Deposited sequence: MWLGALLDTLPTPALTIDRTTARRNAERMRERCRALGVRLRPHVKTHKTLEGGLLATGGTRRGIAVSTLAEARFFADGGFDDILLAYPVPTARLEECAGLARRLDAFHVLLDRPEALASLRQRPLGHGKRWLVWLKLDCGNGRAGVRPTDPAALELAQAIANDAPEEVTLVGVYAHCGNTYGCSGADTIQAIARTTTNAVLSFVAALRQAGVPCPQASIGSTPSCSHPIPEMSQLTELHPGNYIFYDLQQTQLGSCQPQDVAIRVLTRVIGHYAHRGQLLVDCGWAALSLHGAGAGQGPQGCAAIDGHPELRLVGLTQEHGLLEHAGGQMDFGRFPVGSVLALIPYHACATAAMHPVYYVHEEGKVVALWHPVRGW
């Protein structure tokens, strides 16, 4: 137990979350959605914690998206509901999906293939419940292309072919392609996606296919929303609760919006090479940002320094260095490239305010 502890006191490497910053990020996204007239369904995959979920959800524990059944189960067990499995429904795991649909007032699934609908049909929920299905739109990884006649036909089938067993809740797009720098290009992807979705829904209405909801979002696009988004019903970003270096470089946020660090101690000086040795390796950071290591993290408040090497449990920093500025034992705060990836390496996050630990959040992991 580390409650009350000063940050420089923590065992490193340590993932830290500034709760003032995270709370602010959570509330700001809630406000953007309120201003647009749309609901927020935060994706939880960046943190995978009940505590982060509670913040993102403004205390309601209702209305989230998850990336795995491990998360769906974990959040369900933590008293959340209105949980969307934002993943082509795992037809090999339908018994588990149906278990969740039966426990929850609203467990939502996505699909983009007729065979998946067929699988849902041959595993009815019973219990007076319907599979709550969203059609995933590809506007380029999963989903159906909205201009593909197949898309409209699949929507029709989801909506009307077995109204007693399955229902079409809405369409769902994830504009993951926003990960092009600049507000202008981000907003362009947002607009193509938004308009493609809106045009598809308009086609659905004309074809008499009821589609009450329409959900898009990624952190870049929801950090600089466009007015066209007010014609949707819901936005589902997730990374924004923490942000990270990549989002900062993308222009999604300012450095002050990044809640996450990895704290690391200088554990050695190697003058013959001009390097600091730190106790944060890829086990604490991941290699996200390297495709080299310089791209994986910046040192907060120290532009002079750069990561030049990562092994499992060690990192090497280079400036000509200044070894008196960085005694062995000093603590540096790394700003990670990708919060989701870095958070996935940590069994605990030390959540702080005013320099002191205020909470410990423990994420779920696995599948």
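Q: In sequence order, what intervals of the deposited sequence carry no C-alpha positions?
A: Unmodelled stretches: 140 to 141, 182, 295 to 297, 326 to 328.
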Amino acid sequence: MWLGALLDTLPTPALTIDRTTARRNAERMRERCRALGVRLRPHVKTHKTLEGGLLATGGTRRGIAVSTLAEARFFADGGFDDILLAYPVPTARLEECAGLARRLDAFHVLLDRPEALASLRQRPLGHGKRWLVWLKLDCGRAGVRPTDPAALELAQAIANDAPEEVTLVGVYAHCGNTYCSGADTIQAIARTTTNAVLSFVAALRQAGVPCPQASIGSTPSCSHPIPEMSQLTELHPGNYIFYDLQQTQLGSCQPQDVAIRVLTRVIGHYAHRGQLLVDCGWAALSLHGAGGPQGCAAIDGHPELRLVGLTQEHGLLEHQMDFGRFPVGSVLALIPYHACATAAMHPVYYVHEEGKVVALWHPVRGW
From here on, numbers count along this sequence of modelled residues.
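Q: Going by the B-factors listed in the PDB entry, is the mean over the C-alpha atoms higher for 112 to 120 or for 78 to 86?
A: On average, C-alpha B-factors are higher across 112 to 120.
Q: Out of 125 to 133 and 242 to 250, which one has CA B-factors that are higher on average in the deposited record?
A: Mean B over CA atoms: larger for 125 to 133.
Q: So if I compare the CA B-factors in the entry for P255, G217, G143, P210, which one is the largest?
A: Highest C-alpha B-factor among the listed residues goes to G143.
Q: Can you tell me which of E71, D279, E234, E165 has the highest Cα temperature factor in the record?
A: Comparing C-alpha B-factors across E71, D279, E234, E165, the maximum falls on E165.
Q: Can you tell me which third, lowest, middle or highest, the CA B-factor of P11 falls into for its chain?
A: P11: CA B-factor falls in the middle third of its chain.
Q: Comparing against every modelled residue in the chain, figure out the third that the C-alpha B-factor of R273 lands in (lowest, middle or highest).
A: According to the entry, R273 has a C-alpha B-factor in the chain's highest third.
Q: Split the chain's modelled residues into thirds by Cα B-factor; is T264 in the lowest, middle or highest one?
A: For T264, the deposited C-alpha B-factor lands in the lowest third.
Q: Lowest, middle or highest third: where is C180 by Cα B-factor in its chain?
A: As the PDB entry reports it, the C-alpha B-factor of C180 lands in the highest third of its chain.
Q: Which third of the chain holds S221 when residues are ordered by C-alpha B factor: lowest, middle or highest?
A: Middle third by C-alpha B-factor.
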